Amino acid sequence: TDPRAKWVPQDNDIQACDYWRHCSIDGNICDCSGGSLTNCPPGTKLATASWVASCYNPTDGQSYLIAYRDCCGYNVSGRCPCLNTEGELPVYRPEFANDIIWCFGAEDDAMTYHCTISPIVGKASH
């Protein structure tokens, strides 16, 4: 893979960094440490905060907002690490910024990063 080429999404393998919902993920895919595409691994705490991105779904042609909520309270999983930045903006536009640990709202005030989930939260307005 040319790292500088335009990123190309697929809808056939959620553990790969070009899976379409991971278009602005930073960290690790939760499905690789005992969570799933939209659930956290046992023992971790699910944040309510997230960064978002509009990600195109090559299965149906639609663009969906994905809320990258973190699973927190564990050291980083080290499995399936990915970093994509489709639409990703600097820190002063934090809703689109993905270097921030989005662990706010997690139970037990957990704030360490373990992995990110990729749920759809609505339709893109663009």
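Start at 1 and count along the sequence shown; that's the residue number.
Of the candidates 28, 98, 84, 63, the one whose C-alpha carries the top B factor in the deposited record is 63. Per the deposited record, the Cα B-factor of residue 48 falls in the middle third when ranked against the other modelled residues of its chain. Remark: residue 111 belongs to the middle third of its chain, ranked by C-alpha B-factor as recorded. Among the modelled residues of its chain, residue 67 has a C-alpha B-factor that falls in the highest third according to the deposited record.
Sorting the modelled residues of the chain by their CA temperature factor places residue 75 in the lowest third. The deposited CA B-factor of residue 58 belongs to the highest third of values across its chain.
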